[PDB]
Amino acid sequence: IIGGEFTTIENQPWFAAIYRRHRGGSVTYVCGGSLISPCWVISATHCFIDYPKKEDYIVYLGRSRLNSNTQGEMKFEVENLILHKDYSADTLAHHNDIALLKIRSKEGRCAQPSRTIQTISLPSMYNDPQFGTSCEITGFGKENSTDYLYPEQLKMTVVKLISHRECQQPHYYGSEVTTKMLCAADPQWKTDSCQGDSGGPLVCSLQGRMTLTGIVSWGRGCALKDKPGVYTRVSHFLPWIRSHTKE
């Protein structure tokens, strides 16, 4: 997250921290994710497409810090890694960038709700906030494009939803952005998500209720003028989510 303010996992109880195991013992941060139910973590396919290997992943819930423990955090293994079969990556755009991680503790349990671990509501069929609505994004992504390391503390910022018409303008993204995607940036281009934030949540208050409206997917640079962050439009993938989460 470029700019924005440092936060805790009490303010973003649905945020999951996904890490990948390595040969030797080194664990590195992969992507963010969201807890949509106690045995499911949504996230983006581009995060795992190169290493489809569920045993290599570790998911943390209730964790505020990158490389250190948080009282009340819970560690989970990945029981099932579901990637979207129609996923593809173009010059900049990532299509059908959505994934599901069935989680389970070493005891075989799923997440246990607490003040630091809570689920986020999914949207209704084709029901998104009006364009111009303020929404929040959270993540352990880069603070600056020139950084090679990620911040140690979780961050968050507020961005505004941008219409498909504006985002489809030539100076923006043109025809690269589709209706299955959502743009969203700061009117001053000062804050935005960045590398490392992928898979994280784009949360919008929809009728008094926190809803998971988008998933951090792609963008040209970070906080660049006329180059909004692009998110996977969650409301357009409800049938896919429901079918893979049943049994």
Side-chain angles (χ1 to χ4, degrees), residues 1-4 31-34 36 42-50 83-100 120 122-139 141-142 145 156-206 211-241:
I1 302 291
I2 309 297
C31 281
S34 296
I36 56 179
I42 199 167
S43 171
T45 288
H46 89 253
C47 294
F48 322 99
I49 192 68
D50 293 341
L83 305 186
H84 199 115
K85 188 179 180 179
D86 294 336
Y87 170 87
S88 69
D90 271 285
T91 302
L92 296 173
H94 291 240
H95 311 267
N96 296 314
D97 202 5
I98 184 173
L100 287 169
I120 180 79
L122 286 177
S124 301
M125 278 296 268
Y126 296 109
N127 189 66
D128 294 308
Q130 290 281 194
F131 294 126
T133 298
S134 290
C135 300
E136 75 173 335
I137 52 179
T138 317
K142 300 300 180 180
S145 299
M156 58 124 274
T157 193
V158 176
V159 288
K160 288 180 178 175
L161 257 44
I162 293 173
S163 68
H164 180 232
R165 175 193 284 231
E166 179 179 324
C167 206
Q168 197 151 296
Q169 291 300 309
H171 285 263
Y172 280 61
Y173 289 126
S175 293
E176 298 179 302
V177 295
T178 62
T179 63
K180 294 181 182 178
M181 297 171 199
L182 281 170
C183 310
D186 179 43
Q188 291 182 46
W189 309 102
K190 296 290 184 178
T191 191
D192 187 22
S193 50
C194 198
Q195 180 181 328
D197 287 318
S198 290
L202 168 65
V203 180
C204 308
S205 177
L206 219 182
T211 312
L212 198 243
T213 302
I215 302 177
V216 183
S217 185
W218 61 277
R220 166 66 207 307
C222 297
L224 286 192
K225 185 177 181 293
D226 303 321
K227 304 300 173 186
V230 186
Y231 305 72
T232 299
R233 197 169 186 183
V234 176
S235 66
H236 282 45
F237 293 91
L238 287 175
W240 182 89
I241 293 173

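Just so you know, residue 1 is the first one in the sequence shown, and it goes up from there.
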For the [atom1] atom of [X] and the [atom2] atom of [Y], what is their distance to the nearest 0.5 Å?
X: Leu224; Y: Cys194; atom1: CG; atom2: SG; answer: 9.0 Å
X: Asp197; Y: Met156; atom1: CG; atom2: CE; answer: 12.0 Å
X: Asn96; Y: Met181; atom1: CG; atom2: CE; answer: 8.0 Å
X: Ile120; Y: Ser34; atom1: CD1; atom2: OG; answer: 7.0 Å

Determine whether a donor-acceptor pair (N or O, by modelled atom type, separation under 3.5 Å) exists between the side chain of [X] and the backbone of [Y].
X: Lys227; Y: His171; result: yes
X: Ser217; Y: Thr232; result: no
X: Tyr173; Y: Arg220; result: yes
X: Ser43; Y: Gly32; result: yes
X: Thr191; Y: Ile2; result: yes
X: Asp97; Y: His46; result: yes

If you define the side chain from C-beta out and look only at heavy atoms, does anything of [X] sit under 4.5 Å from [Y]?
X: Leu238; Y: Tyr126; answer: no
X: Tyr87; Y: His95; answer: no
X: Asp128; Y: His236; answer: yes
X: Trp189; Y: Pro228; answer: yes
X: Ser235; Y: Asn127; answer: no
X: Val234; Y: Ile241; answer: yes
X: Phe131; Y: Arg165; answer: no
X: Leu202; Y: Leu161; answer: yes

Can you name the residues that form a side chain to side chain contact (heavy atoms under 4.5 Å, CB included) with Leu100, not counting sequence neighbours?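 Only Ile36, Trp40, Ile42, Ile82, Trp240, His244, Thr245 meet the side chain to side chain contact (heavy atoms under 4.5 Å, CB included) criterion with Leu100.
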
For [X] against [Y], the heavy-atom pair lying closest together:
X: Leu182; Y: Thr213; result: CD1-CG2, 3.6 Å
X: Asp192; Y: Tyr231; result: OD1-OH, 4.3 Å
X: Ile98; Y: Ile215; result: CG1-CD1, 3.8 Å
X: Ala93; Y: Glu176; result: CB-O, 3.8 Å
X: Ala185; Y: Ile162; result: N-CD1, 3.8 Å
X: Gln195; Y: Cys222; result: N-SG, 4.0 Å

Set out, in order, the CA-CA distance, both residues' side-chain angles and the distance that settles side-chain contact (heavy atoms from CB on, under 4.5 Å) for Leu122 and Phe237, then state yes or no. CA-CA 10 Å; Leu122 286 177; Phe237 293 91; over 6 Å; no

